Amino acid sequence: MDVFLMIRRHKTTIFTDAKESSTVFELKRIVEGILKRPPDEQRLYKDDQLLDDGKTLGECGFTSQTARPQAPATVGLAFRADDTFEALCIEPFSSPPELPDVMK
Amino acid sequence: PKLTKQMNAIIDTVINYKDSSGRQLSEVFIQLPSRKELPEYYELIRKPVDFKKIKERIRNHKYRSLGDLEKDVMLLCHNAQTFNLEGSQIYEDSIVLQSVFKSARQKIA
Amino acid sequence: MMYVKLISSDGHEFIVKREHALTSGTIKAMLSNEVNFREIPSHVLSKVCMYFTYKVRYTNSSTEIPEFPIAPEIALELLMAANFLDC
Amino acid sequence: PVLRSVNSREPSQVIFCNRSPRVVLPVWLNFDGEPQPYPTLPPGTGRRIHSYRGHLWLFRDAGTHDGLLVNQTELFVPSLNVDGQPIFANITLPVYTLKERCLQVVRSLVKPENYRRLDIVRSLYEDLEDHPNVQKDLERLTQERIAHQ
């Protein structure tokens with residue numbers, strides 16, 4: 001069936017949705033729409049594992065079970081700058097503040 | 001002392017109240033269901049009270065404050081609002097006796 | 001498939017599908033691209049996007065609908081966000 | 001009202017499939033209007049019911065008393081039995097306007113009294129003591145019918 005994902009990179013966060021069936025490059029064409037950046041200048045990551053471009057989403061962990069719309073999977077993205085690539089970086093989301101004393 | 005005569009005359013009104021179409025409303029709440037008969041009820045109603053369990057405390061001598069009874073009576077209405085649903089007359093009956101009670105208390109002060 | 005940039009009180013960029021992002025009653029007025037907030041942090045904004053994702057995907061569909069999860073502390077933070085962005 | 005049960009006395013065996021994560025409570029609206037608190041089905045449990053045709057059932061989470069869908073609809077009237085197969089009633093929660101899903105977490109985590117001790121936008125404190133009611137949502141359904149019929 002489907003997969004819903006958060007392509008997180010620094011302060012950026014791209015919420016798209018592919019197919020259980022689809023592969024790595026296929027997502028990069030989506031990014032090559034949002035940012036309009038070419039796939040070779042794109043290094044797709046998951047856990048820190050540099051995927052493929054022709055490896056099925058279901059295989060690499062992305063199922064209908066773990067990529068829920070209200071619980072989307074984080075897919076980090078590294079970028080090419082002068083042949084040499086950059087380090088994968090995502091600045092985390094702001095910590096949910098203190099819990100009220102009537103809520104505790 | 002005199003309190004126990006007030007408290008009786010206060011609750012007696014409600015107990016003796018026959019509605020707009022001639023029929024006692026309170027009749028239901030007088031005696032709470034039997035334990036093994038309606039267990040389902042008791043779990044949710046973690047504090048059960050029946051009109052006979054108030055009449056008891058008056059007769060015996062418990063509420064040594066006239067307000068002390070209002071606090072208890074409101075509980076019977078809360079338990080009844082708790083279990084029972086908005087619509088069912090059991091729920092729409094607690095409200096009556098709840099407004100009516102404070103009107104029999106408006107009688108004293 | 002168009003996308004819009006939602007930005008918070010911590011510069012956090014949020015590219016979400018223009019159709020998914022139009023589910024908001026408040027955002028819709030400012031469209032019919034670059035939307036900015038200040039009362040809204042990032043942790044709430046990602047959850048609001050996650051609600052946006054969800055809504056379209058499980059609205060109208062007769063298939064069984066899953067449980068929407070709210071983290072206890074984000075719940076009020078989100079309660080005034082759902083008030084503002086008008087769900 | 002315009003919504004109540006039908007004393008047909010014609011039996012029809014029902015099965016309360018609960019595809020919902022909550023403690024789903026059935027509510028049978030007796031022959032005049034009294035909503036009835038029938039026993040609760042936790043997530044999954046598919047208890048059989050010996051209801052009748054023309055009878056009415058609706059569903060709410062046992063703690064909050066919120067809105068549940070019974071066959072992708074608000075209400076449920078059981079059809080007369082067929083081929084000796086019992087009539088199903090698969091239950092699920094809808095897609096709520098975030099405010100309601102929030103107010104569920106909020107009303108569930110804050111106790112009835114403390115509802116205003118909190119730090120929020122003023123307009124919301126009032127949406128809190130708006131606990132989803134049956135009579136409200138039903139006489140509100142009764143309103144939506146004569147707004148089409």
# chains A, B, ... in the order shown; residues from 1 in each chain; ligands from 1
$ interface_residues --of "chain C" --to "chain A" --cutoff "12 Å" --atoms "only C-alpha atoms" --output "PyMOL selection string"
chain C and resi 1-21+40-58+65-78
$ closest_atom_pairs --of "chain D" --to "chain C" --cutoff "10 Å" --atoms "only C-alpha atoms" --output "CSV"
residue,atom,partner,partner_atom,distance
D:19,CA,C:64,CA,7.1
D:20,CA,C:66,CA,7.9
D:21,CA,C:67,CA,7.0
D:22,CA,C:67,CA,9.3
D:69,CA,C:64,CA,9.9
D:71,CA,C:62,CA,8.2
D:72,CA,C:62,CA,6.0
D:73,CA,C:62,CA,9.7
D:90,CA,C:64,CA,9.0
D:91,CA,C:64,CA,8.5
D:92,CA,C:64,CA,6.2
D:93,CA,C:65,CA,6.5
D:94,CA,C:65,CA,6.6
D:95,CA,C:59,CA,6.1
D:96,CA,C:55,CA,8.4
D:97,CA,C:87,CA,5.3
D:98,CA,C:87,CA,5.2
D:99,CA,C:82,CA,5.3
D:100,CA,C:79,CA,8.7
D:101,CA,C:68,CA,7.6
D:102,CA,C:79,CA,5.5
D:103,CA,C:79,CA,7.0
D:104,CA,C:75,CA,9.3
D:105,CA,C:75,CA,6.6
D:106,CA,C:75,CA,6.7
D:109,CA,C:72,CA,8.0
D:118,CA,C:76,CA,9.2
D:119,CA,C:76,CA,8.6
D:120,CA,C:80,CA,7.1
D:121,CA,C:80,CA,6.5
D:122,CA,C:80,CA,9.8
D:123,CA,C:83,CA,8.9
D:124,CA,C:80,CA,7.5
$ residues_around --residues "range 39-49 of chain B" --least-positions-apart "4" --cutoff "8 Å" --atoms "only C-alpha atoms" --output "PyMOL selection string"
chain B and resi 32+35+53-54+75-76+79+82-83
$ write_last_selection --atoms "C-alpha atoms" --output "PDB file, in the first residue's frame"
ATOM      1  CA  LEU B  32     -30.456   1.814  45.478  1.00  0.00           C
ATOM      2  CA  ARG B  35     -25.449  -5.471  45.200  1.00  0.00           C
ATOM      3  CA  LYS B  53     -29.074   6.197  53.338  1.00  0.00           C
ATOM      4  CA  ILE B  54     -29.615   9.966  53.975  1.00  0.00           C
ATOM      5  CA  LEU B  75     -23.829  13.363  45.712  1.00  0.00           C
ATOM      6  CA  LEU B  76     -26.995  11.317  45.039  1.00  0.00           C
ATOM      7  CA  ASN B  79     -23.994   9.521  41.135  1.00  0.00           C
ATOM      8  CA  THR B  82     -22.690   9.874  36.535  1.00  0.00           C
ATOM      9  CA  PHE B  83     -24.087   6.399  35.622  1.00  0.00           C
TER      10      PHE B  83
END
$ select_by_dssp --residues "chain D" --states "helix (DSSP H, G or I)" --output "MDAnalysis selection string"
chainID D and resid 98:109 122:128 134:139 141:145
$ residues_around --residues "residue 61 in chain A" --least-positions-apart "4" --cutoff "10 Å" --atoms "only C-alpha atoms" --output "mmCIF file with C-alpha atoms, in the first residue's frame"
data_model
loop_
_atom_site.group_PDB
_atom_site.id
_atom_site.type_symbol
_atom_site.label_atom_id
_atom_site.label_comp_id
_atom_site.auth_asym_id
_atom_site.auth_seq_id
_atom_site.Cartn_x
_atom_site.Cartn_y
_atom_site.Cartn_z
ATOM 1 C CA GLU A 20 5.289 0.557 -0.496
ATOM 2 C CA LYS A 46 17.837 6.215 6.849
ATOM 3 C CA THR A 56 12.211 -1.127 -2.671
ATOM 4 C CA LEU A 57 10.728 0.877 0.211
ATOM 5 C CA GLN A 65 3.074 -0.512 9.259
ATOM 6 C CA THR A 66 5.988 1.991 9.883
ATOM 7 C CA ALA A 67 5.318 5.271 7.881
ATOM 8 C CA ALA A 73 9.212 8.113 9.046
#
$ residues_around --residues "residue 77 in chain D" --least-positions-apart "6" --cutoff "7 Å" --atoms "only C-alpha atoms" --output "PDB file with C-alpha atoms, in the first residue's frame"
ATOM      1  CA  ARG D  53     -35.398  -4.750  13.775  1.00  0.00           C
ATOM      2  CA  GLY D  54     -36.418  -1.072  14.051  1.00  0.00           C
ATOM      3  CA  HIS D  55     -34.300  -0.675  17.204  1.00  0.00           C
ATOM      4  CA  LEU D  56     -31.607   2.017  17.508  1.00  0.00           C
ATOM      5  CA  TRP D  57     -27.988   1.845  18.648  1.00  0.00           C
TER       6      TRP D  57
END
$ closest_residue --among "B:95, B:38, B:74, B:30" --to "residue 55 in chain B" --atoms "only C-alpha atoms"
B:30
$ select_by_dssp --residues "chain D" --states "strand (DSSP E or B)" --output "ChimeraX atom specification"
/D:11-18,24-29,35-37,41,44-52,57-61,68-70,75-76,82,85,87-88,91-92
$ closest_atom_pairs --of "chain B" --to "chain D" --cutoff "8 Å" --atoms "only C-alpha atoms" --output "CSV"
residue,atom,partner,partner_atom,distance
B:84,CA,D:37,CA,7.3
B:85,CA,D:35,CA,6.6
B:86,CA,D:135,CA,6.1
B:87,CA,D:34,CA,5.6
B:88,CA,D:34,CA,4.1
B:89,CA,D:34,CA,6.8
$ write_last_selection --atoms "N, CA and C atoms" --output "compact mmCIF listing (two decimals), in the first residue's frame"
# COMPACT_ATOMS: atom_id res chain seq x y z
N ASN B 84 -26.23 7.20 34.76
CA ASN B 84 -27.32 7.50 33.85
C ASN B 84 -26.95 8.55 32.79
N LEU B 85 -27.62 8.51 31.64
CA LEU B 85 -27.31 9.38 30.51
C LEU B 85 -28.26 10.58 30.37
N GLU B 86 -27.75 11.72 29.80
CA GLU B 86 -28.58 12.90 29.52
C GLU B 86 -29.57 12.52 28.43
N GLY B 87 -30.83 12.50 28.84
CA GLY B 87 -31.95 12.10 28.02
C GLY B 87 -32.84 11.27 28.91
N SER B 88 -32.31 10.13 29.39
CA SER B 88 -33.05 9.23 30.26
C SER B 88 -33.57 10.01 31.43
N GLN B 89 -34.84 9.77 31.79
CA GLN B 89 -35.49 10.53 32.84
C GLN B 89 -34.79 10.41 34.18
$ residues_around --residues "residue 102 in chain A" --least-positions-apart "6" --cutoff "10 Å" --atoms "only C-alpha atoms" --output "VMD selection string"
chain D and resid 109 to 111 113 to 118
$ write_last_selection --atoms "C-alpha atoms" --output "PDB file, in the first residue's frame"
ATOM      1  CA  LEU D 109      -6.015  14.525  31.582  1.00  0.00           C
ATOM      2  CA  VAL D 110      -7.452  17.548  33.522  1.00  0.00           C
ATOM      3  CA  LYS D 111     -10.075  16.614  36.193  1.00  0.00           C
ATOM      4  CA  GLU D 113     -12.937  21.002  38.435  1.00  0.00           C
ATOM      5  CA  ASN D 114      -9.335  22.109  37.486  1.00  0.00           C
ATOM      6  CA  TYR D 115     -10.457  22.998  33.855  1.00  0.00           C
ATOM      7  CA  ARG D 116      -9.496  26.716  34.323  1.00  0.00           C
ATOM      8  CA  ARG D 117      -6.345  26.545  36.597  1.00  0.00           C
ATOM      9  CA  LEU D 118      -4.348  26.032  33.262  1.00  0.00           C
TER      10      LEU D 118
END
$ atom_distance --atom1 "CA of residue 48 in chain D" --atom2 "CA of residue 81 in chain B"
28.5 Å
$ atom_distance --atom1 "CA of residue 86 in chain D" --atom2 "CA of residue 18 in chain D"
15.3 Å
$ residues_around --residues "residue 142 in chain D" --least-positions-apart "6" --cutoff "12 Å" --atoms "only C-alpha atoms" --output "PDB file with N, CA, C and O atoms, in the first residue's frame"
ATOM      1  N   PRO D   1     -39.335  12.003  20.365  1.00  0.00           N
ATOM      2  CA  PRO D   1     -38.809  12.799  19.250  1.00  0.00           C
ATOM      3  C   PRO D   1     -39.096  12.143  17.899  1.00  0.00           C
ATOM      4  O   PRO D   1     -40.122  11.482  17.757  1.00  0.00           O
ATOM      5  N   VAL D   2     -38.217  12.363  16.902  1.00  0.00           N
ATOM      6  CA  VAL D   2     -38.289  11.774  15.559  1.00  0.00           C
ATOM      7  C   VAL D   2     -37.407  10.486  15.575  1.00  0.00           C
ATOM      8  O   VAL D   2     -37.551   9.636  14.687  1.00  0.00           O
ATOM      9  N   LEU D   3     -36.525  10.346  16.622  1.00  0.00           N
ATOM     10  CA  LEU D   3     -35.595   9.224  16.869  1.00  0.00           C
ATOM     11  C   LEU D   3     -35.915   8.449  18.158  1.00  0.00           C
ATOM     12  O   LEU D   3     -35.839   8.987  19.267  1.00  0.00           O
ATOM     13  N   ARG D   4     -36.252   7.171  17.986  1.00  0.00           N
ATOM     14  CA  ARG D   4     -36.621   6.231  19.044  1.00  0.00           C
ATOM     15  C   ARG D   4     -36.666   4.797  18.479  1.00  0.00           C
ATOM     16  O   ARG D   4     -36.586   4.608  17.261  1.00  0.00           O
ATOM     17  N   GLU D  74     -23.361   7.462  11.952  1.00  0.00           N
ATOM     18  CA  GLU D  74     -23.643   7.833  13.348  1.00  0.00           C
ATOM     19  C   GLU D  74     -24.520   6.809  14.076  1.00  0.00           C
ATOM     20  O   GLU D  74     -24.185   6.375  15.188  1.00  0.00           O
ATOM     21  N   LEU D  75     -25.639   6.432  13.436  1.00  0.00           N
ATOM     22  CA  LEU D  75     -26.634   5.537  14.011  1.00  0.00           C
ATOM     23  C   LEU D  75     -26.695   4.146  13.367  1.00  0.00           C
ATOM     24  O   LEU D  75     -26.097   3.910  12.316  1.00  0.00           O
ATOM     25  N   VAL D 134     -25.066  13.144  24.415  1.00  0.00           N
ATOM     26  CA  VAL D 134     -25.893  12.333  23.547  1.00  0.00           C
ATOM     27  C   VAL D 134     -27.097  13.153  23.090  1.00  0.00           C
ATOM     28  O   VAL D 134     -27.258  13.340  21.887  1.00  0.00           O
ATOM     29  N   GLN D 135     -27.891  13.700  24.030  1.00  0.00           N
ATOM     30  CA  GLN D 135     -29.051  14.524  23.699  1.00  0.00           C
ATOM     31  C   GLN D 135     -28.712  15.671  22.753  1.00  0.00           C
ATOM     32  O   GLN D 135     -29.464  15.923  21.818  1.00  0.00           O
ATOM     33  N   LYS D 136     -27.555  16.326  22.970  1.00  0.00           N
ATOM     34  CA  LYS D 136     -27.051  17.417  22.141  1.00  0.00           C
ATOM     35  C   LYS D 136     -26.871  16.908  20.713  1.00  0.00           C
ATOM     36  O   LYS D 136     -27.655  17.290  19.851  1.00  0.00           O
ATOM     37  N   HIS D 148     -32.776  18.810   5.326  1.00  0.00           N
ATOM     38  CA  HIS D 148     -32.620  18.102   4.058  1.00  0.00           C
ATOM     39  C   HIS D 148     -33.984  17.510   3.613  1.00  0.00           C
ATOM     40  O   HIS D 148     -34.378  17.719   2.461  1.00  0.00           O
ATOM     41  N   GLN D 149     -34.740  16.871   4.558  1.00  0.00           N
ATOM     42  CA  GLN D 149     -36.062  16.247   4.343  1.00  0.00           C
ATOM     43  C   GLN D 149     -37.155  17.305   4.151  1.00  0.00           C
ATOM     44  O   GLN D 149     -37.295  18.219   4.959  1.00  0.00           O
TER      45      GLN D 149
END
$ atom_distance --atom1 "CA of residue 3 in chain B" --atom2 "CA of residue 24 in chain B"
25.6 Å
$ decode --residues "range 32-65 of chain C" --atoms "N, CA and C atoms" --output "compact mmCIF listing (two decimals), in the first residue's frame"
# COMPACT_ATOMS: atom_id res chain seq x y z
N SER C 32 -6.48 31.80 -0.85
CA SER C 32 -7.71 32.04 -1.62
C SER C 32 -8.93 31.99 -0.71
N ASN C 33 2.07 31.14 -0.06
CA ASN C 33 3.25 30.33 -0.36
C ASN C 33 4.16 30.26 0.86
N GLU C 34 4.65 31.42 1.34
CA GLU C 34 5.52 31.52 2.51
C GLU C 34 4.70 32.03 3.71
N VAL C 35 4.31 31.10 4.61
CA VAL C 35 3.51 31.43 5.79
C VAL C 35 4.38 31.40 7.03
N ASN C 36 4.24 32.40 7.89
CA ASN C 36 5.03 32.49 9.10
C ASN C 36 4.20 32.60 10.35
N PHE C 37 4.70 32.00 11.44
CA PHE C 37 4.07 32.00 12.76
C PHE C 37 5.04 32.53 13.83
N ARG C 38 4.58 32.62 15.08
CA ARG C 38 5.39 33.10 16.21
C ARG C 38 4.88 32.48 17.51
N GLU C 39 3.55 32.33 17.62
CA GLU C 39 2.86 31.70 18.75
C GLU C 39 3.05 30.17 18.65
N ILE C 40 3.44 29.70 17.44
CA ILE C 40 3.61 28.29 17.12
C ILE C 40 5.10 27.89 17.05
N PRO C 41 5.50 26.89 17.89
CA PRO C 41 6.88 26.38 17.83
C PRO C 41 7.09 25.37 16.67
N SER C 42 8.11 24.49 16.73
CA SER C 42 8.32 23.52 15.66
C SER C 42 7.63 22.22 15.96
N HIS C 43 7.77 21.71 17.23
CA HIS C 43 7.20 20.45 17.72
C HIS C 43 5.70 20.34 17.55
N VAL C 44 5.00 21.49 17.60
CA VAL C 44 3.56 21.58 17.37
C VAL C 44 3.30 21.58 15.86
N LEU C 45 4.07 22.39 15.13
CA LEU C 45 3.92 22.49 13.69
C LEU C 45 4.08 21.15 12.99
N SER C 46 5.09 20.34 13.36
CA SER C 46 5.23 19.03 12.73
C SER C 46 4.03 18.16 13.01
N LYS C 47 3.43 18.28 14.24
CA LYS C 47 2.24 17.50 14.64
C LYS C 47 1.02 17.98 13.91
N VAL C 48 0.95 19.27 13.64
CA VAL C 48 -0.16 19.80 12.89
C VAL C 48 -0.08 19.33 11.44
N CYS C 49 1.14 19.22 10.89
CA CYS C 49 1.39 18.71 9.53
C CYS C 49 0.99 17.25 9.51
N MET C 50 1.35 16.49 10.57
CA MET C 50 1.01 15.08 10.73
C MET C 50 -0.49 14.87 10.80
N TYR C 51 -1.23 15.85 11.35
CA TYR C 51 -2.69 15.81 11.38
C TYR C 51 -3.19 16.07 9.95
N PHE C 52 -2.59 17.07 9.27
CA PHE C 52 -2.93 17.39 7.88
C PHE C 52 -2.78 16.14 7.01
N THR C 53 -1.61 15.46 7.07
CA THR C 53 -1.32 14.23 6.32
C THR C 53 -2.49 13.29 6.50
N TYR C 54 -2.70 12.90 7.75
CA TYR C 54 -3.72 12.00 8.24
C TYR C 54 -5.08 12.33 7.70
N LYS C 55 -5.65 13.51 8.05
CA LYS C 55 -7.00 13.95 7.66
C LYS C 55 -7.38 13.56 6.22
N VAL C 56 -6.70 14.11 5.20
CA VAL C 56 -7.00 13.82 3.79
C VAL C 56 -7.02 12.30 3.53
N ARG C 57 -5.96 11.59 3.93
CA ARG C 57 -5.79 10.15 3.74
C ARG C 57 -6.89 9.26 4.38
N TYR C 58 -7.47 9.66 5.53
CA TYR C 58 -8.48 8.82 6.19
C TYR C 58 -9.92 9.46 6.21
N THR C 59 -10.06 10.68 5.65
CA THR C 59 -11.36 11.36 5.53
C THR C 59 -12.12 10.70 4.39
N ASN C 60 -13.46 10.62 4.52
CA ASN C 60 -14.40 10.06 3.51
C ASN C 60 -14.24 8.54 3.24
N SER C 61 -13.01 7.96 3.43
CA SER C 61 -12.72 6.54 3.19
C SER C 61 -13.36 5.61 4.23
N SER C 62 -14.21 4.67 3.73
CA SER C 62 -14.97 3.68 4.50
C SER C 62 -14.11 2.58 5.15
N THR C 63 -12.79 2.62 4.90
CA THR C 63 -11.82 1.72 5.49
C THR C 63 -11.69 2.14 6.96
N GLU C 64 -11.32 1.21 7.86
CA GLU C 64 -11.20 1.53 9.28
C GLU C 64 -10.09 2.55 9.55
N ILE C 65 -10.43 3.54 10.39
CA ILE C 65 -9.61 4.70 10.71
C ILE C 65 -8.74 4.50 11.98
